[PDB]
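Asker:
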Ligand SMILES: O=N[O-]
Ligand SMILES: O=N[O-]
Ligand SMILES: O=N[O-]
Ligand SMILES: O=N[O-]
Ligand SMILES: O=N[O-]
Ligand SMILES: O=N[O-]
Ligand SMILES: O=N[O-]
Ligand SMILES: O=N[O-]
Ligand SMILES: O=N[O-]
Ligand SMILES: O=N[O-]
Ligand SMILES: O=N[O-]
Ligand SMILES: O=N[O-]
Ligand SMILES: O=N[O-]
Ligand SMILES: O=N[O-]
Ligand SMILES: O=N[O-]
Ligand SMILES: [Cu+2]
Ligand SMILES: [Cu+2]
Ligand SMILES: [Cu+2]
Ligand SMILES: [Cu+2]
Ligand SMILES: [Cu+2]
Ligand SMILES: [Cu+2]
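Residue numbers (the authors' numbering), protein chains in the order written: chain A, 8 to 339; chain A', 8 to 339; chain A'', 8 to 339. A prime marks a further copy of an entry chain.
(1) From the DSSP output, read off the bridge partner residues of residue 158/A'.
(2) Between the stretch 86-100 of chain A'' and the stretch 114-126 of chain A'', can you find at least three pairs of beta-carbon atoms closer than 8 Å?
(3) Is the distance from the Cβ of residue 165/A'' to the Cβ of residue 254/A'' below 8 Å?
(4) Beta carbon of residue 14/A: closer than 7 Å to some heavy atom of ligand 7?
(5) Would you identify the three-state DSSP class for residue 207/A', choosing helix, strand or coil?
(6) For residue 34/A, collect the residues of the same chain with a Cβ closer than 7 Å to its Cβ; drop the 5 residues on either side in sequence, then sort them by chain order.
(7) Please check if any C-beta of chain A'' sits within less than 8 Å of the C-beta of residue 307/A.
(8) Closer than 9 Å by beta-carbon distance: list the chain A' residues that pair up with residue 132/A, in chain order.
(9) Closest by CA to residue 301/A'', which one among 324/A', 233/A', 311/A', 109/A'?
(10) Going by CA-CA distance only, name the one from 309/A, 53/A, 132/A, 313/A that's closest to residue 193/A.
(11) Fully enclosed by the stretch 37-98 of chain A', which beta strand (DSSP E) runs are 3 residues long or longer?
(12) Which stretch, first to last residue, makes up the beta strand (DSSP E) that contains residue 276/A''?
(13) Near residue 66/A, what residues of its chain come up, given a Cβ to Cβ distance below 6 Å and the 5 sequence neighbours on each side ignored?
(14) At what residue ranges does the stretch 291-323 of chain A' contain a whole run of the beta strand (DSSP E), taking only runs of 3 or more?
(15) Find the nearest neighbour of residue 64/A' within the set 158/A', 21/A', 102/A', judged by alpha-carbon distance.
(16) Relative to ligand 11, is the shortest distance from any of its heavy atoms to the C-beta of residue 119/A'' smaller than 7 Å?
(17) Going straight from the alpha carbon of residue 90/A' to that of residue 148/A', what length do you get?
(18) I need the straight-line Cα distance from residue 309/A' to residue 216/A, nearest angstrom please.
(19) I want to check one thing, is the minimum distance from the CB of residue 275/A' to the heavy atoms of ligand 15 below 7 Å?
(20) Does DSSP classify residue 254/A'' as helix, strand or coil?
(21) Kindly list, in the order they appear in chain A', the residues whose Cβ is closer than 7 Å to that of residue 111/A.
(22) Any residues in the stretch 232-256 of chain A with a beta carbon nearer than 8 Å to a beta carbon of chain A''? Which ones, in chain order?
(23) Counting only Cβ pairs nearer than 8 Å, list the residues of chain A' close to residue 210/A.
(24) So, does the CB of residue 186/A fall closer than 8 Å to a CB anywhere in chain A'?
(25) Identify the contact partners of residue 119/A in chain A', using a Cβ-Cβ distance below 9 Å as the criterion.
(26) If you follow the beta strand (DSSP E) that residue 217/A'' is in, where does it begin and where does it stop?
(27) Determine the chain A residues that contact residue 275/A' at a beta-carbon separation under 8 Å, and present them in chain order.
(28) Is there at least one Cβ from chain A' nearer than 8 Å to residue 297/A'''s Cβ?
(29) Would you give the residue range spanned by the beta strand (DSSP E) that residue 265/A' belongs to?
(30) According to DSSP, simplified to helix, strand and coil, what is residue 225/A''?
(31) Taking contact to mean 3 or more Cβ pairs, one atom from each stretch, closer than 8 Å, check whether the stretch 175-195 of chain A' and the stretch 242-260 of chain A' are in contact.
(32) How big is the Cα-Cα spacing for residue 197/A' and residue 208/A'?
(33) If we count the other Cβ atoms within 10 Å of its Cβ and call it buried at 16 or more, is residue 181/A buried or exposed?
(34) Starting from residue 365/A, follow the beta strand (DSSP E) in both directions and report where the run begins and ends.
(35) Which chain A'' residues are close to residue 29/A', counting only those with a beta carbon under 8 Å from its beta carbon?
(36) Is residue 34/A'' helix, strand or coil when you go by DSSP?
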């Protein structure tokens, strides 16, 4: 009887940050209430000033990470304001039935809906828009995110012992297919609808023009680099709603990795690089052992360094010469 | 001494259906006899009427699923009628030696051969044609299928407890590379041989023009949707002889998944999406919990919804509001 | 205190062979000293005579396999002779900190450096060049290899029992992106630097022109086929520094496979084909059961048979008719 369960309202935060939550559940099952507003907006995605009409949940690419526990209910109020031009919906890969909710959440501009579903399987899962007949256009315009369903007793290692993270970040990776003219220059459009047939042709090449973290080339660099300290335990949730990726922490490892994101399985240990299939979220746990700059990349290095799938960590603390040292510095 | 073993003749059925078999072996090891006839035929693969010269085992794309038990012998009579134009052979990834049988089964039109091999490893495995110098042309013209070698005691979960399926379906996924003229229109040819150099050039782009289930866009929809009932346990065998895929049941999960298809390994649990590498068969087990339409897709959504890699399940039964419900239907 | 540990100097050998080592450690932890010389050289990569300016560690593509044990120290003297034209460095995915060593090993032509790192995680790992701003160009010009860190007690199966190999081979798989003119012909350049902007444009297509084992189409065939005997236990280490691959032994299996290459995890059993993600090394163990020719391929068969990712094993010994036999040889 759901009416007797506690309700808790969560205010979401912008990726790559994650809303406050408890790893080990401090309450019984709850109805966890979220609200998201759909925003179609112009986004500049590279250093050249290339602009697309992005389709977003809550104004960001990716959409925000939602965090609940196994056997909580998720109640999502989804709002499509009348300033938008398209029909949207939402499909949760965490959910059972009705196309993940897509069949029940079709909202025209000026409409809203509220969906509830039970989070029966623990793991990180993709959510994305999926309107009939226009599914990849919405997804590849940025309309995807992820949801994490923690076990009620938190994460465990391969021997069943607790794993506790100190920090968590969410990296959404996005493949974009920006249409090009005859000579290879990117086209611009006044409205999302203008782009539609050119977008289909661009997608059918299967060759993205940009692959980015957090919605733009260089988004997770500089003042927006991810941070940690030596000794900190960090969980990085990574999603890709449409196309395979292979994350790698340059200078580190994935100590414990759930490449396909489902926590009832034991983690893979000591990974250099792992494959997250398109339409999946995964999670990697690492304890930092050295300070400095790290690069976190899709290790198709062309995708990383030419097309945009690279971010940075900046790590503070003490250098350990036992792990690595320069014996003879570069010299003639 | 093989001459003292029982022989049993199996009549194959057209995908996505699977011939009758027992999950737990009710006899000792047997010689299991199959016959396949090669048929080169014209196939219409999309709604626009695009036609290719397909190369098939038993008239279908994919070829039929063969089912035996571990340590059975498979004896295959392979017939290449004189109405065909090409040399063909067969390579079983389940088999040990002679290029999987390919070296021993080269049949010109008007020839036949009989191969026997012992099924020593349990799992689902690809089989495909592989003639010297023309391997990817035959495979990507549809000349592939799969074989399932069940353990003698059936399937088991990750704790070693029995898993019994109620229904089984076989989804063969096919990448096609239809040659195009200067403007992007598909070419037509009178005979398979006419297409050969244009086919090589089309394949070398690494970009399929169509990716389909059961040989055509929309093949597993409408009257040919897959069916199940709420509460039924369904095993879906999925193969891809040449190119990676990432299956996903929209509105469901893979409860138990052998992504690379080999049953001595524990299944992965609770998968949203899984990667089947090209040249592999995998298997996913799901118990339906909600009625309605489900879409089963390759979750590169461009590959699914633009290029053809999508099918439907239609599921009968009772709706469970505890798992999902619309709290407020879409409204202004 | 490192100064009290034994030092041992290893002389590397050319792939696909591997330097002598012990599987089970016969000494305590050591400092293992390697020297590598960088060589930029012209390489002919196909039967048509296509030439690239390759960037190599020790004159080969791939670079040589280094073998140590867990908790050894690796000390690498890296030499960039003044006959080269470019800055180079090295990044070990086995190492912790400083971008895998890349930040500490930048050598202009005429310089050398010595790096030491502790091998704290067992597995096979990629190493590659990664200079700031030119990472994929160096990697996709051949500047990558692998390092194997064995557990001190050797390899184990999924039940923790020892696995001992009789022979080991290293297959480096390389994606090349040779620039093309308007009509599709490959361009030639006097120096590596001439090619740079054309190389960037070629890489951004994400479509390799060649995918090869051991640096050229057909490198592991003929007199250079890999050899084994029936009954021999063979470990094949396979790396791909940039792009996914899916190895398959035609006529065999991977009996025990570490697809993502990390030995603290149990192997996957009985694999037909396995996925090694780009930026990863994996390892497969097989016991040969039949003599004859085997093909070892990337099982995207277009990549294998059209673009070059195929090699051969030639296996001596006795044929076993119980496993496979021709019952009726091909006939009219
Ligand atoms: O846009 N409806 O609240
Ligand atoms: O190429 N990944 O869908
Ligand atoms: O092929 N996915 O990067
Ligand atoms: O080791 N980074 O590509
Ligand atoms: O999906 N389990 O990593
Ligand atoms: O075509 N031979 O039966
Ligand atoms: O892209 N899969 O071979
Ligand atoms: O890249 N395989 O869809
Ligand atoms: O959730 N289906 O793409
Ligand atoms: O290959 N075992 O899923
Ligand atoms: O090139 N320095 O030895
Ligand atoms: O397509 N593999 O990076
Ligand atoms: O997509 N890698 O072959
Ligand atoms: O079975 N070899 O492609
Ligand atoms: O990475 N372990 O196969
Ligand atoms: Cu939308
Ligand atoms: Cu989806
Ligand atoms: Cu054939
Ligand atoms: Cu094969
Ligand atoms: Cu270099
Ligand atoms: Cu790397």
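All C-beta atoms in this analysis are idealised placements derived from N, C-alpha and C, irrespective of residue type, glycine included.
Answerer: So, to answer that:
(1) None; residue 158/A' has no bridge partner.
(2) Yes, the stretch 114-126 of chain A'' touches the stretch 86-100 of chain A''.
(3) Between residue 165/A'' and residue 254/A'', the C-beta gap is not smaller than 8 Å, which leaves the two residues out of contact.
(4) Answer for residue 14/A: no, Cβ out of range of ligand 7.
(5) Three-state result, residue 207/A': helix.
(6) Hits under 7 Å: 13.
(7) With 8 Å as the cut-off, residue 307/A counts as an interface residue toward chain A''.
(8) Result: 279.
(9) Checking every option, the nearest Cα to that of residue 301/A'' belongs to 109/A'.
(10) Restricting attention to 309/A, 53/A, 132/A, 313/A, the CA atom closest to the CA of residue 193/A is found in 53/A.
(11) Fully enclosed beta strand (DSSP E) runs of no fewer than 3 residues occupy 38-51, 58-64, 72-76, 80-87 of the stretch 37-98 of chain A', in order along the chain.
(12) For residue 276/A'', the enclosing beta strand (DSSP E) stretches over residues 275-278.
(13) Sequence-distant Cβ neighbours of residue 66/A in its own chain, meaning closer than 6 Å and more than five residues away, are 46.
(14) For the stretch 291-323 of chain A', whole beta strand (DSSP E) runs of length 3 or above, ordered along the chain, are 299-305, 317-323.
(15) When only C-alpha atoms are compared, the closest one is 21/A'.
(16) Correct: residue 119/A'' has its Cβ closer than 7 Å to ligand 11.
(17) Between residue 90/A' and residue 148/A', the C-alpha separation is close to 18 Å.
(18) Roughly 15 Å between the two C-alpha positions.
(19) Relative to the non-hydrogen atoms of ligand 15, the Cβ of residue 275/A' never comes closer than 7 Å to any of them.
(20) DSSP, reduced to helix, strand and coil, places residue 254/A'' within a strand of the structure shown.
(21) Think of a sphere of 7 Å around the beta carbon of residue 111/A: the chain A' residues whose beta carbon falls inside it are 333, in chain order.
(22) So the list reads 251, 253, 255, given in the order they occur along the chain.
(23) Residues of chain A' passing the Cβ test: 309, 313.
(24) No - not a single Cβ of chain A' is within 8 Å of the one on residue 186/A.
(25) Correct list: 335, 337, 338, 339.
(26) 217-220 is the span of the beta strand (DSSP E), which, as asked, contains residue 217/A''.
(27) Contact annotation for residue 275/A' against chain A: 267, 269, 272 [CB-CB distance below 8 Å, chain order].
(28) Judged by the 8 Å Cβ criterion, residue 297/A'' is in contact with chain A'.
(29) Per DSSP, the unbroken beta strand (DSSP E) holding residue 265/A' starts and ends at 261-265.
(30) Coil at residue 225/A'', not helix or strand.
(31) Cβ pair count under 8 Å is three or more, so yes.
(32) For residue 197/A' and residue 208/A', the distance between alpha carbons rounds to 19 Å.
(33) It is buried - the Cβ of residue 181/A has at least 16 other Cβ atoms within 10 Å.
(34) Outside the shown range of chain A, which is 8 to 339, sits residue 365/A, and nothing can be said about it.
(35) Contact annotation for residue 29/A' against chain A'': no contact, minimum CB-CB distance about 22 Å [criterion: below 8 Å].
(36) DSSP places residue 34/A'' in coil when its eight states are reduced to three.
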